[PDB]
Peer 1: 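Okay, here's the structure, questions in a sec.
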Amino acid sequence: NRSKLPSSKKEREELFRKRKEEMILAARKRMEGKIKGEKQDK
Amino acid sequence: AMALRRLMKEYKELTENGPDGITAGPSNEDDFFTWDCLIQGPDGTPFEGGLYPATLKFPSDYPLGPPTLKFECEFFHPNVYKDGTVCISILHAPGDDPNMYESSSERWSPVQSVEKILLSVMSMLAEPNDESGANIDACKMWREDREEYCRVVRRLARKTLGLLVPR
Ligand SMILES: [Mg+2]
Ligand code: NA
């Protein structure tokens, strides 16, 4: 991890939201590449 | 007072210096005792490529007692109940559930931490604990038909990740 924890509740909540979003989008992007590999094979 | 101070300290440490593959914290700080987690499935396992939501629920006297941990998606693993409850020794104080866990296994204490809990979950995903069977169907398959176990886990991982959206 690599962000300093912000000093207000709203900023912390927004940073956490953003971190979850980034993790989810990256995982979905990896899975899309795997699926495309497989759809190609059929 | 003590519990909220301790939870903030762990949240700060996790945010600033936490391990790869884990995001955890209170999405709503008006309920600081409920944390949302995302756990990346470990590479080299059938969980690779999965990303799993989970909830930690802390007691009001944390760290004197352990939180509970539940996956919030369909999950197939020997040490996870069908309702998503995670069965690992670190979530139990010494003496609680002696029939379930090895006595060499770490137990809850006030110096344990959320990071240790979640690293232990990662380890359990890579290597199930054979004494603490919680899902009898997954226990049987992992031991007797590991190839099929991997197939089930991979299929579920793609299904539940398809249901995972930022919110
Ligand atoms: Mg909110
Ligand atoms: Na709370």
Side-chain angles (χ1 to χ4, degrees), chain A residues 1 23 27 30, chain B residues 10 13-14 18-25 34-59 62-63 65-109 111-161 164:
Chain A
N1 295 226
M23 202 183 190
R30 294 191 296 272
Chain B
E10 294 202 45
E13 289 172 345
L14 280 164
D20 299 333
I22 291 290
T23 302
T34 303
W35 291 18
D36 298 319
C37 313
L38 293 169
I39 299 166
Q40 172 185 290
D43 289 338
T45 80
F47 299 87
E48 173 170 358
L51 181 64
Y52 301 102
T55 298
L56 283 162
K57 298 287 274 191
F58 300 88
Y62 187 76
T68 63
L69 178 61
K70 178 187 151 173
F71 284 109
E72 303 280 5
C73 60
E74 185 170 7
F75 208 85
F76 193 72
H77 184 283
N79 305 134
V80 179
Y81 288 107
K82 285 172 164 40
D83 73 0
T85 289
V86 176
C87 185
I88 57 176
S89 60
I90 193 168
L91 295 173
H92 300 282
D96 304 330
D97 307 338
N99 48 315
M100 261 287 199
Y101 310 108
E102 299 135 326
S103 194
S104 70
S105 282
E106 286 190 62
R107 306 300 282 237
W108 184 258
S109 84
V111 291
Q112 300 283 19
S113 63
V114 172
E115 185 186 87
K116 189 104 146 277
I117 292 164
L118 295 175
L119 290 174
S120 300
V121 167
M122 297 274 216
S123 290
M124 157 203 105
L125 294 185
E127 296 176 320
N129 303 123
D130 66 339
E131 269 234 30
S132 38
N135 177 339
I136 188 169
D137 301 274
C139 278
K140 176 180 172 66
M141 203 181 290
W142 168 70
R143 294 177 203 175
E144 299 169 24
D145 196 345
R146 194 142 309 162
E147 183 174 70
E148 185 64 16
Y149 171 74
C150 293
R151 201 143 39 241
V152 172
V153 170
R154 292 188 312 252
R155 178 185 309 128
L156 288 181
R158 178 168 299 176
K159 172 168 75 183
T160 62
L161 181 56
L164 188 61

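Proteins get letters first, then strands, A, B, ... in listed order; numbering begins at 1 in each. Just so it is clear, the values below take in all heavy atoms, side chains as well, and ignore hydrogens, waters and symmetry mates.
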Peer 1: Could you tell me the separation between the OG1 atom of B/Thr23 and the CE atom of A/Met23, rounded to the nearest 0.5 Å?
Peer 2: 4.0 Å
Peer 1: Please report the shortest heavy-atom distance between B/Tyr149 and B/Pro46, naming the atom on each side.
Peer 2: CE2-CG, 4.3 Å
Peer 1: Would B/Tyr62 and B/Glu10 count as a side chain to side chain donor-acceptor pair (under 3.5 Å) if you check the C-alpha gap in whole Å, the side-chain angles of each, and the deciding distance to 0.1 Å?
Peer 2: CA-CA 12 Å; B/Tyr62 187 76; B/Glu10 294 202 45; 2.7 Å; yes
Peer 1: Taking A/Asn1 for the side chain and B/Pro19 for the main chain, is one N or O donor matched with an acceptor at less than 3.5 Å?
Peer 2: yes
Peer 1: Would B/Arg143 and B/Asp130 satisfy salt bridge (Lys or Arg N to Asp or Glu O under 4.0 Å), going step by step from the backbone distance to the final call?
Peer 2: CA-CA 9 Å; B/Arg143 294 177 203 175; B/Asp130 66 339; over 6 Å; no
Peer 1: Distance from B/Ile88 atom CD1 to B/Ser132 atom OG, nearest 0.5 Å?
Peer 2: 9.0 Å
Peer 1: Could you note down all residue pairs passing salt bridge (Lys or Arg N to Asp or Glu O under 4.0 Å) where residues 39-53 of chain B supplies at least one of them, sequence neighbours left out?
Peer 2: none
Peer 1: Could you check whether the rings of B/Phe47 and B/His77 sit parallel, tilted or perpendicular, using 30° and 60° as the cut-offs?
Peer 2: tilted
Peer 1: Quick one: are B/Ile22 and B/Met122 in side-chain contact, heavy atoms under 4.5 Å?
Peer 2: yes
Peer 1: With rounding to the nearest 0.5 Å, note down the distance linking NZ in B/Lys116 to OG in B/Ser123.
Peer 2: 11.0 Å
Peer 1: Do B/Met100 and B/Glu131 have side chains that approach each other closer than 4.5 Å (heavy atoms only, starting at C-beta)?
Peer 2: no
Peer 1: Checking B/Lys57 against B/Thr34 for the side chain to side chain donor-acceptor pair (under 3.5 Å) test, could you report, in this order, the C-alpha distance in whole Å, the side-chain angles of both residues, the deciding distance, and whether it holds?
Peer 2: CA-CA 5 Å; B/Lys57 298 287 274 191; B/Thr34 303; 2.8 Å; yes
Peer 1: Write down the atom of B/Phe58, the atom of B/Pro67, and the distance for their closest heavy-atom approach.
Peer 2: CD2-CB, 3.7 Å
Peer 1: Determine whether more than 12 heavy atoms belonging to other residues, nucleotides or ligands lie under 6.0 Å from atom CG of B/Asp20.
Peer 2: no
Peer 1: What distance do B/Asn129 atom CG and B/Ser89 atom OG have between them, rounded to the nearest 0.5 Å?
Peer 2: 7.0 Å
Peer 1: Using a 6.0 Å cut-off, check whether atom NZ of B/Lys140 has over 12 heavy atoms from anything other than its own residue.
Peer 2: no
Peer 1: Rounded to the nearest 0.5 Å, what separates atom CG in B/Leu14 from atom OG in B/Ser113?
Peer 2: 7.5 Å
Peer 1: Do you see a donor-acceptor pair shorter than 3.5 Å between the side chains of B/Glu72 and B/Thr55?
Peer 2: yes
Peer 1: Search all heavy atoms of B/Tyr52 against all heavy atoms of B/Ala157 and return the closest pair with its distance.
Peer 2: OH-CB, 3.3 Å
Peer 1: Roughly how far apart are B/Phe76 CZ and B/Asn135 CG, rounded to 0.5 Å?
Peer 2: 5.5 Å
